[PDB]
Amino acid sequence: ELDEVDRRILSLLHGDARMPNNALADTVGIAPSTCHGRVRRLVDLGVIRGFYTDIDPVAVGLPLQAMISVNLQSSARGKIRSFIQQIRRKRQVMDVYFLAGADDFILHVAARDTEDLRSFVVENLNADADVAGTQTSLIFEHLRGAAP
């Protein structure tokens, strides 16, 4: 469902997320109106999940990062879609990964201190119907600099 114009738009935006629409529309060889509409369409269809700024090692000021693999009870599995929803709304949570392995999902989280992390685990995980969790320390995370 992607035409080559959308492909050029996506490639250029991948390389320059901050690219002004005039320059983008000109580089693609389209009109600014049509370019903006195409991009809005792309965001709407979920083709672009969003545009983001990669802020710091999170050290300013969430220096403590973690990966929490969560296993739910067998009866609670039916509620999985809901569980993620409410939990995505939580401050500390940045990413959610669903895997095809032993764990139901993994939570990539950021916290201020050990007390903040512990607070997240206790209030959001330990106080619910989920079997268990394994928290492992994140030392650094990096995006990837590869062109499309």
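Numbers for residues come from their place in the sequence shown, where the first is 1.
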With B-factors read from the PDB entry, the higher C-alpha mean of 136-144 and 17-25 is in 17-25
With B-factors read from the PDB entry, the higher C-alpha mean of 115-123 and 27-35 is in 27-35
Reading the B-factor column for Cα atoms of 65, 86, 92, 69, the highest value belongs to 86
Reading the B-factor column for Cα atoms of 55, 106, 80, 109, the highest value belongs to 55
The third of the chain into which the C-alpha temperature factor of residue 96 falls is the lowest
